[PDB]
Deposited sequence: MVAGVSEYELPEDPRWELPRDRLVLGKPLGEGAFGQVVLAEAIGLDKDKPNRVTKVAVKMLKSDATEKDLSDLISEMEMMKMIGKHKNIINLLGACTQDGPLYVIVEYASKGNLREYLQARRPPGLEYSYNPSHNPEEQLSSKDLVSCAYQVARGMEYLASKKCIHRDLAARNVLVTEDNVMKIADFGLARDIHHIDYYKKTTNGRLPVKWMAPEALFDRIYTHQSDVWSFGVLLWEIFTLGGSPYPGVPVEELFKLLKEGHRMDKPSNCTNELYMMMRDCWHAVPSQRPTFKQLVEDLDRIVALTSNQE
């Protein structure tokens, strides 16, 4: 069925499958221990299909894997480690982020899981801008950059997930909610949300939204605002308010990421330099 790839295959007996991770946002993922990769076990996350999965589901998953193979490694993205593709279920072994996604990570450290500093937060921004910059350099458009799609390792390293995901943009239901109850269209740039044009620029728009979340510690964008009301806000050029406990400088960065004209938004290469500078000057 699946063609062999000596470059990534791992014997099945080397992957001790463990407890399910998450509630199903990134599909069916489980924690596991990979022996070898010979006498050391490495905790990894394993992506697999469900029993009632369709051949389409199989295709897309294969597509996501081949995508991760072409893109290459980077500290700030979820990296592919191997795969079990022969004589059995397709197992995609990727890096494990023990602390889960960023949204919940940020929420869990809000003052009434210890509190994060201004530098810790600006450092989160930096790391994500860096994962994105590399992804952009590799010709990859994410299409759904949000705190929920950023995972945190036990060492607090921010990693972008879902970047190699397979998706027909001309099939996206604007009313479908995230598992947490939010509307993904709230992270979309106007041109993407309206004209279905995804570019590194629309990803930058999303980064502005992700920055907002960081500085509101898991804040939900546009609370109570439904899809049709959102369109109207965007049509009228509406921009979210500056989070309290946020410098004017970082709000301006958010505002620049949300520039009306795509060509005028900063690049990830630019944001990385700006964030690198800010982090150093941050208490």
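> When the deposited sequence is counted from residue 1, which ranges lack any model?
Sequence ranges with no C-alpha atoms are 1-8, 46-49, 125-136, 308-310.
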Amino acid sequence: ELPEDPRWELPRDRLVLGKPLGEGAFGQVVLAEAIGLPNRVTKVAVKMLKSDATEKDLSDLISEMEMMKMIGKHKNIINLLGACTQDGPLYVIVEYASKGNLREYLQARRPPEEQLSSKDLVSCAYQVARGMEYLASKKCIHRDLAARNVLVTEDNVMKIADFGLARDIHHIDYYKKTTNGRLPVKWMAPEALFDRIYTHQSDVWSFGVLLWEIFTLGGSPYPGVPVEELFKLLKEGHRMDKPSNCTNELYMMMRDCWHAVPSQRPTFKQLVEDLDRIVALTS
From here on, numbers count along this sequence of modelled residues.
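What we label the rigid core is the largest C-alpha set whose atoms superpose within 1.5 Å from one form to the other.
> I'd like to know which segment deviates more from the shown structure in 7 other deposited structures of this protein: 81-89 or 100-108, using C-alpha RMS over all structures and residues after a core fit.
Between the two stretches, 81-89 moves farther in 7 other deposited structures of this protein.
> Please work out whether 262-270 or 11-19 has the higher root mean square C-alpha deviation in 7 other deposited structures of this protein relative to the shown form, with the rigid core as fitting region?
Once the cores are fitted, 11-19 deviates more in 7 other deposited structures of this protein.
> Hey, does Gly27 show up as a hole in at least a third of the other compared models?
It is, since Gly27 is left out of at least a third of the other entries that model both flanking stretches.
> Can you tell me whether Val152 lacks a model in a third or more of the other compared entries?
It is not, since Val152 is included in all of the other entries that model both flanking stretches.
> Between 206-214 and 115-123, which has the larger average Cα B-factor in the PDB entry?
Comparing 206-214 with 115-123, the higher mean C-alpha B-factor belongs to 115-123.
> For the higher mean C-alpha B factor in the entry, choose 20-28 or 7-15.
The stretch with the larger mean CA B-factor is 20-28.
> Looking at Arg148, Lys138, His170, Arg143, which has the highest CA B-factor as recorded?
If I rank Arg148, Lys138, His170, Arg143 by C-alpha B-factor, first place goes to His170.
> Within this chain, which third does the Cα B-factor at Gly237 fall in: lowest, middle or highest?
Middle third by C-alpha B-factor.
> Compare the C-alpha B factor of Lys75 with those of the other modelled residues in its chain, then answer lowest, middle or highest third.
Its C-alpha B-factor, which the entry lists for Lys75, ranks in the lowest third among residues of this chain.
> Once the chain's modelled residues are ordered by C-alpha B factor and cut into thirds, is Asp256 in the lowest, middle or highest one?
CA B-factor rank for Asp256: lowest third.
> Sorting the chain's modelled residues by C-alpha B-factor, tell me whether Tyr134 ends up in the lowest, middle or highest third.
For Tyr134, whose C-alpha B-factor we compare with every modelled residue in the chain, the answer is the lowest third.
> C-alpha B factor of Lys186, ranked within the chain: lowest, middle or highest third?
Within its chain, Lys186 is a lowest-third residue by C-alpha B-factor, going by the deposited values.
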